[PDB]
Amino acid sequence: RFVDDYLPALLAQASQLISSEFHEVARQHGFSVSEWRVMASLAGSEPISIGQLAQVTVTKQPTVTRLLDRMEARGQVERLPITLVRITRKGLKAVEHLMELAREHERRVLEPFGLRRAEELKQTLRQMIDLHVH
């Protein structure tokens, strides 16, 4: 069957299944998917452009702008003059424990594969992103 070994289908299924597991945890901790992606993407980061944030969070830029309107109103992020965006201390403290849980979940996902295969997967994915980003 074509779909059994078609790379874009494999990537999309693996991504949806693993992400859906963690999204249940995020919601139980009071986060929507989009708020989790924004805060996790900005944590530990220098300010980045709205367009960079949209790419890394895999969210359309007009959707990101609406999201930032409300997250900035809640004091979790700040836009700065191309517009840059950063997480605030309030946002970092809000997301820090969830980030620890995300690392634990990722470790569980990767444990059956071993360190070599896990690092090879992450390296390949990073190289693909850097080759295909606009």
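Note that residue numbering begins at 1 and tracks the sequence as displayed.
Unmodelled residues of the deposited sequence between residue 81 and residue 82: 4 to 9. For the pair 40 to 48 and 101 to 109, the mean Cα B-factor is higher in 40 to 48.
If you average the C-alpha B-factors over 27 to 35 and over 82 to 90, the higher value belongs to 82 to 90. Taking only the listed residues 125, 115, 17, 10, the entry reports the highest CA temperature factor at 115.
Among all modelled residues in this chain, the alpha-carbon of residue 3 has a temperature factor (C-alpha) in the middle third.
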